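Counting convention: from 1, in listed order, for ligands and their atoms alike. Throughout, protein chains are lettered first and strands after them, A, B, ... in sequence-line order, and every chain is numbered starting at 1.
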Amino acid sequence: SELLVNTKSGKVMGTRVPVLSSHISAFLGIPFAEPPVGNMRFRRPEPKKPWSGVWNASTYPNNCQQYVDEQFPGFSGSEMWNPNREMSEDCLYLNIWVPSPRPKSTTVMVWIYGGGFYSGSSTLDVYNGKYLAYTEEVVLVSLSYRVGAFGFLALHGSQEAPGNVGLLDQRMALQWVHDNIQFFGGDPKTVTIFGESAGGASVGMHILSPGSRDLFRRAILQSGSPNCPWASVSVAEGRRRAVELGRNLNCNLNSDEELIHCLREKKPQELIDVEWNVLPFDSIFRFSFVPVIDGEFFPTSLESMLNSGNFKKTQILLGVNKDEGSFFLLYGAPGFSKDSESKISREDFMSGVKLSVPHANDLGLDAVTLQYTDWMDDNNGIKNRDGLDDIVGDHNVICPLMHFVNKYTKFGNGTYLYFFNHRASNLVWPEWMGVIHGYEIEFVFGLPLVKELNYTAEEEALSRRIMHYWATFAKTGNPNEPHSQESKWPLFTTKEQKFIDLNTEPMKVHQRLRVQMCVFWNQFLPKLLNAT
Amino acid sequence: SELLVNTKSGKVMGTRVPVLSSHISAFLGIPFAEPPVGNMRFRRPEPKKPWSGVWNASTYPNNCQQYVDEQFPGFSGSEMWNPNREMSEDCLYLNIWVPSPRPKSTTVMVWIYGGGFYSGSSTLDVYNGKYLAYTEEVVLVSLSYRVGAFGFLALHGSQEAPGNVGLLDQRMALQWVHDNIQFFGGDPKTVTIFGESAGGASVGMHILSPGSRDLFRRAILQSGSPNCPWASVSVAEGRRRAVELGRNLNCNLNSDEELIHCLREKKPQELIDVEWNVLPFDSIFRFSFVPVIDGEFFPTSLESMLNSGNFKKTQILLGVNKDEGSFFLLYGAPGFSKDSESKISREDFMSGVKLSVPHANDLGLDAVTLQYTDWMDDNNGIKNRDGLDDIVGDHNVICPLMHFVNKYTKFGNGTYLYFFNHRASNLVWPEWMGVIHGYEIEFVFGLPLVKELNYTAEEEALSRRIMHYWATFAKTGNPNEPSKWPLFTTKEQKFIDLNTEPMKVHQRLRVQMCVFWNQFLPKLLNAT
Ligand SMILES: *[C@@H]1O[C@H](CO)[C@@H](O)[C@H](O)[C@H]1NC(C)=O
Ligand SMILES: *[C@@H]1O[C@H](CO)[C@@H](O)[C@H](O)[C@H]1NC(C)=O
Ligand SMILES: *[C@@H]1O[C@H](CO)[C@@H](O)[C@H](O)[C@H]1NC(C)=O
Ligand SMILES: *[C@@H]1O[C@H](CO)[C@@H](O)[C@H](O)[C@H]1NC(C)=O
Ligand SMILES: *[C@](C)(O)CCC[N+](C)(C)C
Ligand SMILES: *[C@](C)(O)CCC[N+](C)(C)C
Ligand SMILES: C[C@H](O)CCC[N+](C)(C)C
Ligand SMILES: C[C@H](O)CCC[N+](C)(C)C
Ligand SMILES: [Cl-]
Ligand SMILES: [Cl-]
Ligand SMILES: [Cl-]
Ligand SMILES: [Cl-]
């Protein structure tokens, strides 16, 4: 019985799911931790205790409690990222797709959804793992972790709300794959962890954290890295926000114990409703509760760890999308609209930069402005719009990732960098937004392979080669297949710093992805803000 | 006689000179002040006392005492700027070229040579005023003024060496023209002063000085403005440098009188020998003795004066050359040579910027570096060379002039801006230096009009339209006669290229870099 598997915690019963004229096995909603409810809220996850009988694993599980986006009701472009299942604090489950017949000991890929650490689900349609697992014959795992206050509230010192529990939820799911995936036909010695945005930052954090290192073989980071400005906060800022949350709910602030006890008596939706009120300034691409540099999950500052090579040394494949910042400008910056060309006046441009670099002083602001302003034509609405898009994307995603890739490669054993710049022919978002943050995921999971989705033939071929790059990399540590005729994705080296564009046109090799801007963001601006 | 003129100080006998198969009158070496020698060194100029008899004005006068460039002996490119006659402290004279027959109340143009305030002569071949005076039929005057310590040693408080005497010398020459040009066929009410580099900065300073304003009608500034970073120092820096001069010569530094008396006993060449030893940093495009903001010649800071509109309001015609910085990189920056392409390594680039912005801190240097480095190819020697070239030109000439043009236009009565970017065909300097600082002068003075100089027919035509723009402007306030050189406005900020090709109108001359040098950097250095 392919569907009846017995794990270390009890038996589980999957289901036969159809896929591209064929079929595969699916195990949906398998628990890997105890429900972090009641007195468990904010606390480190605990291993799921053994159960008797057969666990029905044929339906998706609940999604964690989170802020839901209602900016555009009925609009698929945004609602495809919202929970598609009932939310509940009892959400620590994982899904698995296994080729049929069951492989013996094949490659395993574990997906970690993104969503700024304040949202995300393992059950979205865009994350349906059946297409990838089937086409590349890999065992695909989809995990989950607590988001928002529930997974990242941090009061350093306390053991009730220590912080980073969401990262620990992820670790426990990987520990489960390590101990049980063999029963599903996967080789636990060859597991690749891959994620996008907050997911990509997570993958990068496991690479740095000593406690996660032995739980996976290789890693793929898509549009996200550990050192991003939004991916973490100090213990001090974490406490400030934690104490600010209590104040917003008239909580007793006399002690961590009383504060935490107060926050535990509250209903999920009560914490969520005030979540954004704890932020330092008016801003965009900034999230209230994220990982904290505690000295535990993270030994020392992320920067010193990268400079000293204190991290798992292996092969990594990572990259970014052409327009990482448009999605966030649309939601929180003046002048942007989904139903318009969004030409930004000079006044709105200024407001946007302030919004994008909230931590900067007046001098740092002038520096940013000058760096992205064409003074021969400053009132050009289009240049001002695209300018802000580049600012937001470079500061928050692209440049932090380049910093990471350059630091990593000095110690790693094989780096591959990509630049995704293909605008899907069926995108429901406006043309000015370009290649949007997160829209490369549908190609990674093979959505283009299904006819009724209406992707072009060239997009299907692109999807097929991207999945092949990902899987092959997962299996061997090299996205290329030896002695093959197709163009080769070259290694990224400290010297030549090569990378390829990922699109429907023949491969192109480039060098130094946005070096000019990243020098500004990674070297110059910090020195400037550090002055006084 | 057409050559014998009676001025308010005495008679002068000129000389009939040949010019382009014709002739004109020339009155060379006319004294406009008393010889500033002996106890008069460092002191304000005093008017030339009347003389009996006829003053022989047939030959050029002596040039003032100055540092002489001996970097390239025999090489015409550098020597054409050196004194072409005996140097002496008694050097306050002027030259005049009058068309023949003597016109009536015609337009007058007064030339003020450049040279960083440490050098220059009115007698240089390239400043021969006969071609311009004849061709455009104007009375051309070229004056002289003390340079170096002799003309700019500043010891605010003292009246034996108060500072700015070189500018005061220029003022006395203009005053002299104001009272005597009429006797030469010139119109004292229609005088245009023009000069290059330090000469351009001087013109700008007269526009700002209350005591100079009534001495001229219009102004032309070529590659220089009063606000350039090298054109002036504070009273404190002036005194510090002055005292360091004494120290270098082992002078009594107990008081100003003692210091001055000591410095007045030294031979001219002794001072000149240690002149460069008083600069505060290792640098380029920086000079020891320059004008000082004393509160007298200059009421308040140049900036506050520019913002409040406290200055002469008239028409101005100013501009710059395409490669203002190459000449100074060649003399003081590592990696540069006259006999090679001069590809600049990365290390030399870094050395260069530090040399170019001596006052900036490390953050400021990184700012300049990032602003001029193409990181997709930083080890490119040609790009590093051109970057340093632009750095020196933008910081010292182009951007300070643009800041001036924008401030002046808000209160002025007409601005005309130009960008000179034509490379002379007979230039003796290497190609990497491009359109060099000061080489537009030869075009302004009509040198291309003489065959023996081997210029191209296209360049001669260029020289003719430049001389006509300059002259027509001087006489009406508009370079165009009734392609038109558009007026520069606060709104459109238009300017024209000046070359052998049909005119082209542009807008915002190097606005990107000048926003960096006029707004960002200043603010950054003040904050850190
Ligand atoms: C498992 O759940 C699915 C979906 O409701 C159902 O079809 C199936 O019969 C269940 N299996 C059992 C017997 O629990
Ligand atoms: C990875 O490590 C192996 C063994 O240490 C070495 O042979 C190989 O060259 C390395 N690969 C890269 C690209 O660093
Ligand atoms: C004026 O001086 C020149 C040069 O010394 C001399 O040739 C000329 O004869 C003098 N003028 C006269 C004729 O007195
Ligand atoms: C110059 O001033 C006159 C008289 O005030 C004025 O009529 C004219 O418009 C001004 N010209 C310019 C270009 O400012
Ligand atoms: C990243 C900040 O985690 C953002 C991911 C957001 N979606 C919309 C692509 C899921
Ligand atoms: C200006 C700094 O006064 C420099 C003038 C240089 N020459 C060589 C053109 C005289
Ligand atoms: C990234 C995102 O759309 C933020 C959610 C909107 N606010 C901050 C207004 C609640
Ligand atoms: C351009 C010029 O001759 C610079 C002056 C050179 N030193 C300092 C050596 C005297
Ligand atoms: Cl970088
Ligand atoms: Cl001749
Ligand atoms: Cl001589
Ligand atoms: Cl105007």
Identify, by atom number and element, the atoms of ligand 4 in contact range of B:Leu487, meaning under 4.0 Å from any of its heavy atoms.
->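 With B:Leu487 as reference, the close atoms of ligand 4 come out as 13 (C).
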Stepwise ring-ring contact (aromatic ring centres under 6.0 Å, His included) check, A:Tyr118 with A:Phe287 = CA-CA 7 Å; A:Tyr118 71 87; A:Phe287 318 115; 5.3 Å; yes
Can you tell me if [X] and [Y] form a side-chain donor-acceptor pair at under 3.5 Å?
X: B:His437; Y: B:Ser223; answer: no
X: A:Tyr67; Y: A:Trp276; answer: no
X: A:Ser121; Y: A:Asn84; answer: no

Heavy atoms of the protein only: does one fall short of 4.0 Å from [atom]?
atom: atom 5 (O) of ligand 4; result: no
atom: atom 14 (O) of ligand 4; result: yes
atom: atom 9 (C) of ligand 7; result: no

Protein residue, atom and distance nearest to [atom], heavy-atom basis:
atom: atom 3 (C) of ligand 4; value: B:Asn413 ND2, 3.7 Å
atom: atom 1 (C) of ligand 7; value: A:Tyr118 OH, 3.5 Å
atom: atom 6 (C) of ligand 8; value: B:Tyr67 OH, 4.0 Å
atom: atom 7 (N) of ligand 7; value: A:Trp276 CD2, 4.1 Å
atom: atom 3 (O) of ligand 7; value: A:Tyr331 CD2, 3.3 Å

With a cut-off of 4.0 Å, which atoms of ligand 8 are near a heavy atom of B:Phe327?
->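 Once the distances to B:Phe327 are compared, the set is 1 (C).
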Side chain to side chain donor-acceptor pair (under 3.5 Å): which pairs involve residues 406-418 of chain B, sequence neighbours left out?
->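 Every pair satisfying side chain to side chain donor-acceptor pair (under 3.5 Å) with a residue in residues 406-418 of chain B: B:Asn307-B:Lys407, B:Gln315-B:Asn413, B:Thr409-B:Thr415, B:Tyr416-B:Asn478.
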In this structure, are over 12 heavy atoms from other groups packed under 6.0 Å from A:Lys338 atom NZ?
->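 Yes - once you tally the heavy atoms of other residues, nucleotides and ligands closer than 6.0 Å, there are more than 12.
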Count the heavy atoms of every other residue, nucleotide or ligand shown that sit under 6.0 Å from NZ of B:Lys313, and state whether that count exceeds 12.
->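 Yes, the 6.0 Å shell around NZ holds more than 12 heavy atoms from other groups.
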